[PDB]
Amino acid sequence: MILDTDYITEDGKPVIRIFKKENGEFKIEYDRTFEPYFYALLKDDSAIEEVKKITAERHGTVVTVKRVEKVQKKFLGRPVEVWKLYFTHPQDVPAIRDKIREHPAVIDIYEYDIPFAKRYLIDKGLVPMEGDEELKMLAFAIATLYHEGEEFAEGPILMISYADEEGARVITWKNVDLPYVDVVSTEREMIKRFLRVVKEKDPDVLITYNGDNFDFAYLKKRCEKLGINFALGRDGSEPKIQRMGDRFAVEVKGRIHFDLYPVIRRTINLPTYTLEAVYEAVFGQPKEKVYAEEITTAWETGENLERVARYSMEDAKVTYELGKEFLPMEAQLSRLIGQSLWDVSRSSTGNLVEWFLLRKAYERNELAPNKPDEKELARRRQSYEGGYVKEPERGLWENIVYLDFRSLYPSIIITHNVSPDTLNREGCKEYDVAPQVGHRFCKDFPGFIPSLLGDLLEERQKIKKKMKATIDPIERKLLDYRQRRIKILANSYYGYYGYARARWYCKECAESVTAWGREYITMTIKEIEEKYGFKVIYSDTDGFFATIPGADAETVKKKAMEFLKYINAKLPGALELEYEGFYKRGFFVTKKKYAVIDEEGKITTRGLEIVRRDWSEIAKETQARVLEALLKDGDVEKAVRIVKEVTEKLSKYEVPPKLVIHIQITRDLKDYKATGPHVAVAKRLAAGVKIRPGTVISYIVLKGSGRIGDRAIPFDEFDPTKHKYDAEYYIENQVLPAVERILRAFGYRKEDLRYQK
DNA sequence: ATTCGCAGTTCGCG
DNA sequence: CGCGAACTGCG
Ligand SMILES: Nc1ncnc2c1ncn2[C@@H]1OC[C@H](OP(=O)(O)OP(=O)(O)OP(=O)(O)O)[C@H]1O
Ligand SMILES: [Mg+2]
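Residues numbered from 1 in each chain as written, not as in the entry; some residues may be left out. Chains lettered and ligands numbered in written order. Heavy atoms only, no water. Residues with missing side-chain atoms left out of burial classes, pairs and counts.

Caption draft 1: The environment of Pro372, seen in detail. Examined against the element boundaries, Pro372 turns out to sit in the loop between α11 (349-363) and α12 (374-379). Placed 264 residues apart in sequence, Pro372 and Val636 show a C-alpha to C-alpha distance of 57 Å. Aside from chain neighbours lying at most four places away, what touches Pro372 is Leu377, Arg380, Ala500 and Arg501. (Helix = DSSP H or I, 4+ residues; strand = E, 2+ residues; numbered from the N terminus. Contact = heavy atoms within 4.5 Å.)

Caption draft 2: Seen up close, the protein's contact with DNA strand C. Surrounding DNA strand C, one finds 15 residues, the nearest of these being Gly607, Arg612, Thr666, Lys673 and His678. Between DNA strand C and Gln664 there is a distance of 3.1 Å, counted from a phosphate oxygen to a backbone nitrogen or oxygen. Within the side chain of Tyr672, an N or O atom sits 3.5 Å from a phosphate oxygen of DNA strand C. Each residue belonging to the surface near DNA strand C can be placed in one class, and the counts come to four nonpolar, five polar and six charged. (Near = heavy atom within 4 Å. Polar contact = N/O pair within 3.5 Å; in protein donor to acceptor, adjacent residues only side chain to side chain. Nonpolar A, V, L, I, M, F, W, Y, C, P; charged D, E, K, R; others polar.)

Caption draft 3: Looking closely at unusual backbone geometry. Backbone torsion omega between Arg707 and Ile708 reads 20°, so that peptide bond is classified as cis. Looking at the element boundaries, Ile708 is found in the loop between β27 (695-699) and α21 (730-734). Residue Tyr755 follows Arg754 across a cis peptide bond; omega there is 15°. Structurally, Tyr755 is set in the segment after α22 (737-743). A positive phi angle, close to 55°, is found at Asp11, a residue other than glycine. You can see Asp11 is positioned in the loop between β1 (2-10) and β2 (13-22).

Caption draft 4: Representation of the nonpolar core in the model. By size, the foremost hydrophobic cluster in this structure holds 61 residues, and its most contacted members are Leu357 and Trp504. One finds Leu145, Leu275, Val278 and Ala316 within the second-largest nonpolar core, a separate group that totals 52 residues. (Core = buried A, V, L, I, M, F, W, Y, C linked by side-chain atoms within 4.5 Å. Buried < 20%, exposed > 50% of the residue type's maximum accessible area, 1.4 Å probe, protein only.)

Caption draft 5: Region of interest: helix α14 (residues 450-468). The end-to-end C-alpha separation of α14 is 28 Å, in line with the 27 Å expected for 19 residues at 1.5 Å each. By the burial criterion, the buried members of α14 are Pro450, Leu452, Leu453, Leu456, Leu457, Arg460 and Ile463. Projection of α14 onto a plane perpendicular to its axis shows the buried side chains occupying an angular sector of 140°, all on one side. Along α14, exposed side chains directed more than 90 degrees from the buried face belong to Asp455, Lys465 and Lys468. For α14, the elements touching its buried residues are α9 (327-337), α11, α13 (408-415) and α15 (473-498). (Expected span 1.5 Å × (residues − 1). Arc of directions from axis to C-beta.)

Caption draft 6: Up close: the side chain of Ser334. Position of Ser334 relative to the elements: it lies in helix α9. Apart from the residues lying within four places of it in its own chain, the contact partners of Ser334 are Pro128, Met129, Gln339, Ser340, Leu341 and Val344.

Caption draft 7: Looking closely at the protein's contact with DNA strand B. In the vicinity of DNA strand B, 30 residues are found, and the nearest of them are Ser348, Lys592, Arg707, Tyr729 and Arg741. In the interface set of DNA strand B, defined as its atoms within 4 Å of the protein, sugar plus phosphate atoms amount to 76%. At 3.1 Å, a backbone N or O of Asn491 approaches a base oxygen of DNA strand B. In this structure, a phosphate oxygen belonging to DNA strand B sits 3.0 Å away from a side-chain N or O atom of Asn733.

Caption draft 8: Seen up close, the pattern of salt bridges. A complete count under the given rule lists 46 salt bridges for this structure. Ionic pairing is found between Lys70 and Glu81, a salt bridge with its closest N-O pair at 2.4 Å. Taken together, the residues span a long stretch of sequence, with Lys70 in strand β7 (residues 68-75) and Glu81 in strand β8 (residues 78-86) at a distance of 11 residues. Exposure remark for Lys70: the relative accessible area of 36% places this residue in the partly exposed category. With its nearest N and O atoms 3.1 Å apart, the salt bridge here joins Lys287 to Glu276. Of the two residues, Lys287 is situated in the loop between α6 (275-283) and α7 (292-300) and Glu276 in helix α6; the sequence distance between them amounts to 11 residues. Grouping residues by exposure puts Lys287 and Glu276 together as buried. Residues participating in the shared-partner salt-bridge network are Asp6, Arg17, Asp235, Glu251 and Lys253. (Salt bridge = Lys/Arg side-chain N within 4 Å of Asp/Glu carboxyl O.)

Caption draft 9: Structural detail: the site of ligand 1. Taken together, 13 residues surround ligand 1, and among them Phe405, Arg460, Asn491, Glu578 and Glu580 come closest. Within the contact set of ligand 1, an oxygen atom lies 2.7 Å away from a side-chain nitrogen or oxygen of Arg460. Contact with the protein chains covers 71% of the free accessible surface of ligand 1, which is 580 Å². Counting only elements with at least two residues in the shell around ligand 1, the list comes to β18 (395-405), α15 and β23 (577-590). Per-element accounting of the shell around ligand 1 gives the leading share, three residues, to α15. Looking at the shell around ligand 1 residue by residue, the classes come out as three nonpolar, three polar and seven charged. (Areas by Shrake-Rupley, 256 points an atom, 1.4 Å probe, with all protein chains shown as cover.)

Caption draft 10: A look at the domain arrangement of chain A. Along its sequence, chain A is organised into domain 1 (1-130 + 348-368), domain 2 (131-347), domain 3 (369-446 + 500-585), domain 4 (447-499) and domain 5 (586-757). Taking only C-alpha atoms into account, the centre of domain 2 sits 30 Å from that of domain 4. Tallying the contact residues gives 15 residues for domain 2 and 10 residues for domain 4. Carbon and sulfur atoms supply 63% of the area buried between domain 2 and domain 4, which totals about 1200 Å² over both sides. For the salt bridge of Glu330 with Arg485, the shortest nitrogen-to-oxygen distance reads 3.4 Å. For the interface between domain 2 and domain 4, the tally reads four residue pairs in polar contact. For the side of domain 2 that touches domain 4, the secondary structure elements donating two or more residues are α5 (260-267), α6 and α9. No other element matches α9, which puts seven residues into the side of domain 2 that touches domain 4. Among the residues forming the side of domain 2 that touches domain 4, the class breakdown is 10 nonpolar, two polar and three charged. (Domains from an automatic or database assignment. Buried area = accessible area lost by both parts, 1.4 Å probe.)

Here it is, written out as structure tokens:
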């Protein structure tokens, strides 16, 4: 099982390093034979010798062209012969590719911007994480002595806990008597103790939670203080850090640093991403949280250190369980894209498509295009129209059915052969003309990209069928996450057409897939109203909510199933309309804001203020309560009593202050053109932190009139006595708007609700 | 740093 | 105050 790939330089030569474990043994393979290259299209084959003389220099040493080869490639399905220019070192290309393209005898060059490590996997035909090997893995987490100081790693690490299959152990240098706690002399003795354990446990996957930005960054800066060689890797190297765009990540060579934080962010969407809520949302079991202020206060006095070692023991055991459930999900995802697990688990969806097509373009012998310069990327500022959101029928309806298309946008690409190489190809015999935009796509041959999208949806349906055949609630819950990732990955190919930095950028292909679907969802809605006589309530892009105004649930289900028989046969190719779910009652506020319930006791909310992160907890709590009462048995008279019991309770001072709103800071400190209630909290207290993009600023609005921007004052600087809370504003700006937008369909102009006296 | 459609707060500002 | 620009997060 190829774990990862790498390359180093020995005396000006490249040495590919293949990290793999096979038959239960770790092994490194070195390949000094592989050679970098990039293709060049020439006007004539007589001017190749005058091109074989181009010379540059990287660091004061001459750059030449090693070997030259003549191959036949296919540019967007068009045959072409380009010259393959081999070089001695991968870094020779960026020093000479710009001098070669400026040559008057060349037309253009391709495949000059690609990592030499990923090039070895694209060529040769190697897929990481491919095999039946059982990977030995352990998770670890650390506890720090954190005062409210300034420097990052000024406080020492107190206890490094780790957990594998044998259990969770803690290593501290303080007097703690527990079965799983290892006591050492000083902080230096436990860091070298952790190295002794990592080398002894022999793991291939190092699991951490936010270890990219904290743990490895903390242990490193702490070893700078103690002068310790943090040789974690199989190669014997210290954990290397690579900056990804803005943030950074840490890799351990010879192993796989599995940071669960970037993976779980995309896998499941939750209000908070603390390890307590993640373990609760995945395993249904509560986990306690002790804070650094509680840890520091407990370590200074030397008392209550049993909980700190108990909490740290939980962090290692919880991280290992999570890292064990999500590893097969990222292992297969690494097999699809064909790159290292460390890259795939933390890279964007746009790069996963980039790595996948480059591997396929080498199989199809397709010469991949290039990324745009400033000129071409400026042309791609064009926008297109896509998505038909129907104005919903405001009010409460019953016995509603949600019939949504199954992978609408990818199926349109597969069925209509939507591809840049099929777009307006003059000469073919069969065309598929797109609505409104008028683009036509050749169908004589399977175009590049639709042929790849077919097998991706087959890998998702296999996971969908495993869910039905699985009785384990947690094991089937992970499969729901896997089939959901393939859905997001498939639609990324459609958005990849609209991506300005995409190699296979085709706005026409993107605008056509949006032209379709808009035609399909409007066609499908009219077939339900004119025939069968459904009352379509609201549609977004893939489906709609339809019902019969008076028929019971039995008639609506049967008639909807017959409608599925009378649409799928009419829809061509991969286009299919499926029965996703029936619902007892459902409220539709406005566009993309609605609530719905199953026949079984549960509530599903989409777009409403409950899911919004930047709202007061009382606004989400009350809105969920008035929704829970409405969908259970109507009883709006009882729901109105709920909207008044909190406003009257808001007259007196609130419960221990919820009413915390959360808005992170985008842009950069002062790059704003307008300051709201937050940002003003960032403008103040800035002389503070770096105020880097992505910092949540939670404030509390108090005092009285005017601002807003001048009435907050966050949460860390709050006092219920000297700083009189408002107990208002939230009755007009938080709670009441998120509620009136619901009850207004019943005839309440907010004249009711309050007042006293 | 896949695409676009979407409701909404906030408020400087003639 | 009504309207628009900026800003936030969700689908
Ligand atoms: N991030 C996205 N960007 C653009 N279009 C998207 C995105 N996610 C989805 N879409 C597209 O817009 C809607 C549609 O995603 P559905 O919620 O309707 O779910 P499925 O149909 O894919 O999969 P199912 O049958 O429910 O199992 C998808 O085509
Ligand atoms: Mg969805």
